[PDB]
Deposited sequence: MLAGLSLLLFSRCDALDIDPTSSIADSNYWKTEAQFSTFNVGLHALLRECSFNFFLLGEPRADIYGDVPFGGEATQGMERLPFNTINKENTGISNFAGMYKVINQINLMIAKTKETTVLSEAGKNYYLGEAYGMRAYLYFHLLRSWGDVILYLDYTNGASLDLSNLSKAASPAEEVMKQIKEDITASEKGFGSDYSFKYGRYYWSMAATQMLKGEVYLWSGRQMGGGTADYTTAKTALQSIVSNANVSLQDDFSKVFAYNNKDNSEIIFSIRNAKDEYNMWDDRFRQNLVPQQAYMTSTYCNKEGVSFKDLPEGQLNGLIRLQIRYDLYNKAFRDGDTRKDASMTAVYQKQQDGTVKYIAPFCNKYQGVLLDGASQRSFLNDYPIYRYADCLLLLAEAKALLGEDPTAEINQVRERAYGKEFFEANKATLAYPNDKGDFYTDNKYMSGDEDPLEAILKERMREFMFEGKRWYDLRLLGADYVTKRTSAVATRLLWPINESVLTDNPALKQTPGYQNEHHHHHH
């Protein structure tokens, strides 16, 4: 037998079917980073931070909403596991550039996917750690590059991805594989970040607008009429999805079981103690199938401060927990995530958390395009109201346009509301719309960060010197050329 079999050995690159298998494998390595995509993009912001209602300890997870991560407890370690994925993409890239077995079309589509994914991972690294090492070759000591050089590489990889796809906006392998529309969404985000956080200005906002407009024109995408069906177990493959992480029976639980372990309530206290608004014990309801732990607790007051009446996204996003009082009344306790309801497998007693985790969907294209328009001093009204109309329902929205349609959603609802403000300011209206549309989708922290330090420090406990993440001890030991992130001394 062979004592030194490696994945770079030529016999594993002899057929198109092998390159396909290796591309499936790359999407499976990206999926291993999916819990980290959520942690990087959301819980440092304002949605969490209250005490788990049922009694759980938070066991360090509070360090995210409290922004108390530091050199001893970094919250996430080892650059979120991203370099392992990047190394393997780098292998795909060299093998595809070298092959004599693929069609020119097929080789170029693979290069579109692999350059897109590599840019996607470097852009999480840039926004989270800043200066980071640029590894571009497969390997079976090194200093980080300045953030400005990281951004150069991400933009080069976007251009190489576009070159690979050409004019093909199809989802060749489906919406759970990378495609041109995913490259164009990342291009919109990257040039907004370049333009706003790295001094690119108007020219970059125009690049971002042109990319997002290319998805509206050329990709097969549409808003689902029912916001809850965007996330339903059965309705994966729906045409609002641009790129999603596919979770599946016997393949991968959502966030490698860390959705269940952080955001799903415990069956024991739900069935023993709590009830719905009508006083019915959860022992008696489909909720009695949920069995996880709450380590990140949505702020109790967010449940009534996030959404205007009539917004269908409130019930799709959160369930409220109540408790019967000795005096007989039913009292509101706290909310839990209802966006990802999993499935009850045949003959099971507890839910399985097998929803896909969406990375890019058409409402995000529309709201990014609104943001690029607003940053250019142009009118964001049409995109904002396309997304609101879906949220409220067409007829209800039309009847109530003088209070719900942009730029009329303002007034008393906002007065003591730390989460969101009225439509009188375009960027606040868009932040507000993104907060309502993408709870539990890993966006809020990055949405504040793009707009700048003052937006972050206003609404979060983060301070301006510590917007990046620290680096854990084992990383710094293993690589003497790396420095701790700035802001994280003493």
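A.B. asks: If I number the deposited sequence starting at 1, which residue ranges have no C-alpha coordinates at all?
C.D. replies: Gaps vs deposited seq, in order: 1-17, 158-166, 517-523.
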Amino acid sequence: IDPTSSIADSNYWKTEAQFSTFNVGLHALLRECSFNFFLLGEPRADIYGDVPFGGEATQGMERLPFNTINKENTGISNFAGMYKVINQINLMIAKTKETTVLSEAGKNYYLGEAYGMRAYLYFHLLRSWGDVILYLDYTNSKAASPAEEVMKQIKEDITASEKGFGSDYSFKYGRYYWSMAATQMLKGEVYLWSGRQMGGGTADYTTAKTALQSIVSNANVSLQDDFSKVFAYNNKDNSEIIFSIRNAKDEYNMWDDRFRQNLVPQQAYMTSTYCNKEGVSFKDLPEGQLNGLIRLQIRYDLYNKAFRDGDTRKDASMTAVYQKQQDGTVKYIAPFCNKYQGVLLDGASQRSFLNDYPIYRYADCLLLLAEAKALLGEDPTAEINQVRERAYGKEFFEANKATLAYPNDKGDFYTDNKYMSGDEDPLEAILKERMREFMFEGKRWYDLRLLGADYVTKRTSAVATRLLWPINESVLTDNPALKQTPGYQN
From here on, numbers count along this sequence of modelled residues.
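A.B. asks: Averaging CA B factors per stretch from the PDB record, which one is higher: 339-347 or 207-215?
C.D. replies: On average, C-alpha B-factors are higher across 339-347.
A.B. asks: Output the stretch having the higher mean C-alpha B factor in the entry; the candidates are 276-284 and 126-134.
C.D. replies: For C-alpha atoms only, the mean B-factor is higher in 276-284.
A.B. asks: If I read the C-alpha B-factors straight from the PDB entry, which of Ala182, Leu375, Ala382, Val330 is highest?
C.D. replies: Out of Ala182, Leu375, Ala382, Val330, the record gives the largest C-alpha B-factor to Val330.
A.B. asks: Kindly indicate the residue among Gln224, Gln386, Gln261, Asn235 with the greatest C-alpha B-factor in the PDB record.
C.D. replies: Among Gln224, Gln386, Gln261, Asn235, the PDB entry lists the largest C-alpha B-factor for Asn235.
A.B. asks: State the tercile, meaning the lowest, middle or highest third, of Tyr12 with respect to the CA B-factors recorded for its chain.
C.D. replies: Ranked within chain, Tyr12 CA B lands in the highest tercile.
A.B. asks: What third of the chain, by the recorded C-alpha B-factor, contains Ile430?
C.D. replies: For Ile430, the deposited C-alpha B-factor lands in the lowest third.
A.B. asks: State the tercile, meaning the lowest, middle or highest third, of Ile471 with respect to the CA B-factors recorded for its chain.
C.D. replies: Middle third by C-alpha B-factor.
A.B. asks: Can you work out whether the C-alpha temperature factor of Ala28 puts it in the lowest, middle or highest third of the chain?
C.D. replies: It falls in the top third of the chain.
A.B. asks: Within this chain's modelled residues, let me know which third the CA B factor of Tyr300 belongs to: lowest, middle or highest.
C.D. replies: Tercile = middle for this residue's CA B-factor.
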